[PDB]
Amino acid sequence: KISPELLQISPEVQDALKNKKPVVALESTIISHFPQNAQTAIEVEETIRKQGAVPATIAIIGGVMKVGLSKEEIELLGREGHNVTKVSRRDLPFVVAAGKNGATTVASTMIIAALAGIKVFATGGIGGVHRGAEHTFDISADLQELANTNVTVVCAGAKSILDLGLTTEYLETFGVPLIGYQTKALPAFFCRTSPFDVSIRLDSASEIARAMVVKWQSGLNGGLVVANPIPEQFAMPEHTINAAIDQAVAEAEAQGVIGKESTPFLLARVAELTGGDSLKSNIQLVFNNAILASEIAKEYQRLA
């Protein structure tokens, strides 16, 4: 029972949740970080609608945590652009307190989705353990949010700029299911495969939804990662994308890029080295994840 001053859920989204319609949450750190970003966010939403679900994009607008955004608010974040704060769990109180706009990471989008009672969240890729984290301790707060918050996150696996092995160990220690959708191999984000394997392979949205129900009815708190391979036709060739990522990582280290700036810097550089191709792949994987997320949301509402 949080104050309407802090949190506001759109009329459509309230309506949908009351009527037990499937809702899929979306993050805003994709929209920030124009007027392309806006149009694209709006058609991720329309993709969800065409899959028979209701999209809810989450962001902080004028200090208010908002679940479901008008096209005007979407626009606002789009044009305000890089001036928008990237908001993780530790940033969230300050942006709200100060009455500012903010774009939510995987972690804070999970937080707000859970406040609104939304169990399914579609994104591109989750944060994770950064390469070199054995000596830097640079580990995304996303992984702790997954440890603790009851939301299924549908992604292309963790972002492949990270250390995927360490990320899978970390997920295991903290008891977070890593589900391959129709895959045993952990998808590489831009790529379909990787040297690492998910914790369980499941072939149907129905199985995932049933597992969500069981997990939470049994009081095992925390989220689920659903790793969904990018469609083959949009995947990056392993060698090319690997070279680009490796060079970007090396440059980030050499340039002292650290903290919240690491991921956006890496993604932007990789786009540069691949001539925008990695970006096209990123878009395709996000649509793909929105579709799957919609199916899981439908089956979850059916099973609960």
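Numbers follow the displayed sequence, beginning with 1.
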Which class describes the count of deposited residues lacking coordinates between residue 33 and residue 34: none, 1 to 3, 4 to 9, or 10 or more?
1 to 3
Mind pulling up the entry and telling me whether 91-99 or 196-204 has the higher mean Cα temperature factor?
196-204
Read off the CA B-factors in the entry, average them over 16-24 and over 285-293, and name the higher stretch.
16-24
Checking the entry, which one of 51, 57, 263, 255 has the top C-alpha B factor?
255
Among 179, 156, 74, 212, which residue carries the highest C-alpha B-factor recorded in the PDB entry?
74
Please rank the C-alpha B-factors of the chain's modelled residues and tell me whether residue 134 sits in the lowest, middle or highest third.
middle
Can you work out whether the C-alpha temperature factor of residue 236 puts it in the lowest, middle or highest third of the chain?
highest
Residue 189, C-alpha B-factor rank within chain (lowest, middle or highest third):
middle
Sorting the chain's modelled residues by C-alpha B-factor and splitting them into thirds places residue 244 in the highest
Please rank the C-alpha B-factors of the chain's modelled residues and tell me whether residue 175 sits in the lowest, middle or highest third.
lowest
